[PDB]
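Peer 1: Sharing an experimental structure here, sequence included.
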2 protein chains.
Amino acid sequence: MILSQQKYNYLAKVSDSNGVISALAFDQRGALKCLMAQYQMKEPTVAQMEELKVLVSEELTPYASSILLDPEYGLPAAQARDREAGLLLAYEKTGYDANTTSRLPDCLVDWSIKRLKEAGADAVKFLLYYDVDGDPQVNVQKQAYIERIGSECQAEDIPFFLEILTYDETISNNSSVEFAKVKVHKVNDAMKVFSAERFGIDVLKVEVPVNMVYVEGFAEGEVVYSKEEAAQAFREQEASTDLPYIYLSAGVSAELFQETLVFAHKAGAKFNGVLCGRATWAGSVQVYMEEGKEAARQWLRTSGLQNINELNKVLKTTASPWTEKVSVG
Amino acid sequence: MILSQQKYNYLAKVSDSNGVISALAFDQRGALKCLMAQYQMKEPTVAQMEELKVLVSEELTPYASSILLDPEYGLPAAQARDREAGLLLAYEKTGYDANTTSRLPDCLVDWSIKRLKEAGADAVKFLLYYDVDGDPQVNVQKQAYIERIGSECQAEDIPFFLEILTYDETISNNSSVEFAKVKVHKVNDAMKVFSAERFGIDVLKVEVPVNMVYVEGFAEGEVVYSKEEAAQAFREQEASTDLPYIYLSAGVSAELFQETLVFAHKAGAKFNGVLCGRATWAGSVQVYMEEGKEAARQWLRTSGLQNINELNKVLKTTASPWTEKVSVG
Ligand SMILES: [K+]
Ligand SMILES: [K+]
Ligand SMILES: [K+]
Ligand SMILES: [K+]
């Protein structure tokens, strides 16, 4: 696995001194709007959305290797980040049509990789929804789309992070037991597909392959995987790609995310860090809305800081440096 | 308690043949937008919001005495209602500033009572947030505002429904045990305040005075009220006003709402019906978004119909006619 010198340097900028991606995610758009609105039964303003991102960026990027932000609301937050923190910018439009099964990808209309680099990104993230068992023609379209982005990133010589969120065309709720029973296949086989050279991907941002709340020991109810089956799922994930890959939190609790990382490492996964969002900053939303900006700053300086510092200490003992998977050429 | 002939006739139009208000609530605006958005991680369109209201109105108003709708998205739904169903229209802007404690009221800027009557309302609903223990000057402002609306409704000779949602300036979460411990006081004393002639109110739309999930027998955890204390709370509510009053569902389950009505009646409350929303139609949102319009129609014709028919059968044995509290003069 061979990176250009420039892509290597950009990847170093979004990583810590140990060659692990210990990154903070806050590119949420519509999702954040709804999280805020619940506290007042009316929509937040643009100013409120931009300001909360600034606060999270200011207060927590001294403790992260980089931050992921959206162009729509996150550009002030990007400017406010710690000098040693790198920047990722999201390139996809959010979401999908709930009434079709295809969940096709679409880039933000005002952007190109070139423009995202010009705006200060060290790396570009694109989220793709993918069902490996879905309509083959849909998946041809998806593969073609990713090839285009991979080619843009090759030309602009900037790292391409592909985020894969799995789904099943036939299952509505990804939190269900029914989905838990197919998730390992969905996650690991999608990674296999997108490991092909033709997609130009530098880092995969992926789900852990199991739903941990259904793993023996973690399960309060039905158990879908034994501890050993879950461990096998992590080994199979590691075997599904030679690219660097990192985990998203999926908004699980800080404690569960920490436990998942420990479990992953014990099983044999050599994951290369995380792009961790809600698990770190979730509690700031209510404080910001109800108590205001300085109160939210104080939450970030206490509870947020505790969350991210605990994450960093887990990462030191669980994550593997990406420099061991990749070299310059 | 004395109503004008015209107000009496309008109230009859929004009631069933037994003189009970068996009304369907669907004036939700921002709240509905977020309920829909969760199914696709992007906002619904205006067309989608208007269409779901039409479907709910078309399919369920044959089984309700009236429907409550908002002017913003609900006017097509109002036109689509069953010929025997009356119409209520909401007059307030939704929500409040989460960062202040005053939650002051504000009418929709394009509307007046006259215009709402012209648009086809048989009655007008206004939602006020009220903390009886809050800042006395805030509560003067609130009382003055309600007096204005009461006066408009007197002039236009149309029934005024005041919805009171209680809160505590010092408690953020109304679902908490801490709020459950003050709710009876908040609800019943607010009703006492707004029973004064000067407010011109014809019907109060109010919360049940307890949080039932903390009542002995219903409680899965901590118990805040014994069954007898809860029964006393309902008697105290009935004693807090001579106006007709009806219960909102607050989005509890259909089963819990049914049980609450039975409990209320057994305790001695002579509540005069309900304006019931989410408890009836909640499940239609996911079906509409994921499976489409005709699928949502089929949900309404099956599960929705079962919900509302079960509500009507409970109402027949639990609700008291308002005609026993009020006569023409
Ligand atoms: K860095
Ligand atoms: K490998
Ligand atoms: K009627
Ligand atoms: K009374």
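Peer 2: That came through fine. Residues are numbered from 1 along each chain as shown, chains lettered A, B, ... in the order given. Ligands and ions are numbered 1, 2, ... in the order given.

Peer 1: make it CA atoms for all contacts and neighbour counts henceforth
Peer 2: Fine.

Peer 1: give the contact list for residue A:280.
Peer 2: Going by CA atoms under 8 Å, 6 or more residues apart in numbering or on different chains, residue A:280 touches A:254, A:304, A:307, A:308.

Peer 1: I'd like the secondary structure assignment at it, please.
Peer 2: Secondary structure, DSSP: H, G, I helix; E, B strand; the rest coil: residue A:280 is helix.

Peer 1: Can you give me the distance of it to ligand 3?
Peer 2: Residue A:280 sits 52 Å away from ligand 3, going by CA to the ion, to the nearest Å.

Peer 1: Is the spatially most central residue of chain A bridged to anything, and to what?
Peer 2: Nearest residue to the geometric centre of chain A (CA atoms, centre = their mean): residue A:248, 3.9 Å. With DSSP bridges applied, residue A:248 shows beta-bridge pairing to residue A:275.

Peer 1: wait, what's in contact with the residue of the stretch 1-150 of chain A found nearest ligand 2?
Peer 2: When scored by CA to the ion, the stretch 1-150 of chain A has residue A:1 as its residue closest to ligand 2, at 10.7 Å. Applying CA under 8 Å, 6+ apart, we find residue A:1 in contact with A:242, A:243, A:325, A:326, A:327.

Peer 1: For the stretch 51-200 of chain A, give the residue positioned nearest to ligand 4.
Peer 2: residue A:173 (47.9 Å).

Peer 1: List the contacts of that residue.
Peer 2: Counted by CA under 8 Å, 6+ apart, residue A:173 has contacts residue A:179.

Peer 1: which stretch of helix or strand covers it?
Peer 2: Assigned by DSSP states H and E, residue A:173 falls within no helix or strand.

Peer 1: how near is it to residue A:188?
Peer 2: 19 Å (CA to CA, to the nearest Å).

Peer 1: For residue A:195, which non-adjacent residue is closest in space?
Peer 2: Spatially, and ignoring its direct neighbours in sequence, residue A:195 is nearest to residue A:241 (5.8 Å; CA to CA, 6 or more residues apart in numbering or on different chains).

Peer 1: Quick check, the one you found in contact with residue A:193.
Peer 2: No. Look at residue A:241 against residue A:193 with CA atoms under 8 Å: they stay out of range, at 9.0 Å.

Peer 1: just checking, what packs against the biggest helix by length in chain A?
Peer 2: In chain A, with assignment by DSSP state H, the single longest helix is helix A:136-156. Counting contacts by 3 or more CA pairs under 8 Å, 6 or more residues apart in numbering or on different chains; DSSP states H and E, helix A:136-156 packs against helix A:113-118.

Peer 1: Does anything pack onto the helix it packs on? Which helices or strands?
Peer 2: strand A:123-130, helix A:136-156.

Peer 1: Quick check: buried residues in the last one?
Peer 2: For helix A:136-156, the buried set under the neighbour-count rule, 16 or more other CA atoms under 10 Å in any protein chain shown, comprises A:138-139, A:142-143, A:145-147, A:149-154.

Peer 1: Looking at those, which is nearest residue A:198?
Peer 2: residue A:147 (6.4 Å; CA to CA).

Peer 1: mind listing what the nearest residue to that closest one once chain neighbours are set aside touches?
Peer 2: Leaving aside its chain neighbours, residue A:147 sits nearest to residue A:199 (4.7 Å; criterion: CA to CA, 6+ apart). Applying CA under 8 Å, 6+ apart to residue A:199 gives the contacts A:143, A:146, A:147, A:149, A:150, A:151.

Peer 1: show me the contacts for the fourth one.
Peer 2: For residue A:149, the contacting residues are A:113, A:199, A:200, by CA under 8 Å, 6+ apart.

Peer 1: Let's see that with 7 Å instead.
Peer 2: Listed by CA atoms under 7 Å, 6 or more residues apart in numbering or on different chains, residue A:149 has no contact partners.

Peer 1: Could you do the third one as well?
Peer 2: Counting by CA under 7 Å, 6+ apart, residue A:147 touches A:198, A:199, A:200.

Peer 1: could you pull out the helices for chain A?
Peer 2: Per DSSP H, chain A carries helices over the ranges A:5-13, A:30-37, A:46-60, A:75-79, A:113-118, A:136-156, A:177-180, A:183-194, A:227-239, A:254-267, A:278-281, A:284-291, A:293-299, A:305-318.

Peer 1: ok, residue A:268 touching residue A:235?
Peer 2: Yes. In this structure, residue A:268 is within contact of residue A:235 by CA atoms under 7 Å, at 5.7 Å.

Peer 1: ok so, going back, I'd like the helices of chain A as JSON lines, with distance to residue B:46 appended.
Peer 2: Formatted as JSON lines, the helices of chain A follow (distance: least, CA to CA, whole Å):
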{"stretch": "helix A:5-13", "distance to residue B:46": "42"}
{"stretch": "helix A:30-37", "distance to residue B:46": "16"}
{"stretch": "helix A:46-60", "distance to residue B:46": "20"}
{"stretch": "helix A:75-79", "distance to residue B:46": "28"}
{"stretch": "helix A:113-118", "distance to residue B:46": "31"}
{"stretch": "helix A:136-156", "distance to residue B:46": "28"}
{"stretch": "helix A:177-180", "distance to residue B:46": "32"}
{"stretch": "helix A:183-194", "distance to residue B:46": "34"}
{"stretch": "helix A:227-239", "distance to residue B:46": "42"}
{"stretch": "helix A:254-267", "distance to residue B:46": "37"}
{"stretch": "helix A:278-281", "distance to residue B:46": "29"}
{"stretch": "helix A:284-291", "distance to residue B:46": "26"}
{"stretch": "helix A:293-299", "distance to residue B:46": "32"}
{"stretch": "helix A:305-318", "distance to residue B:46": "39"}
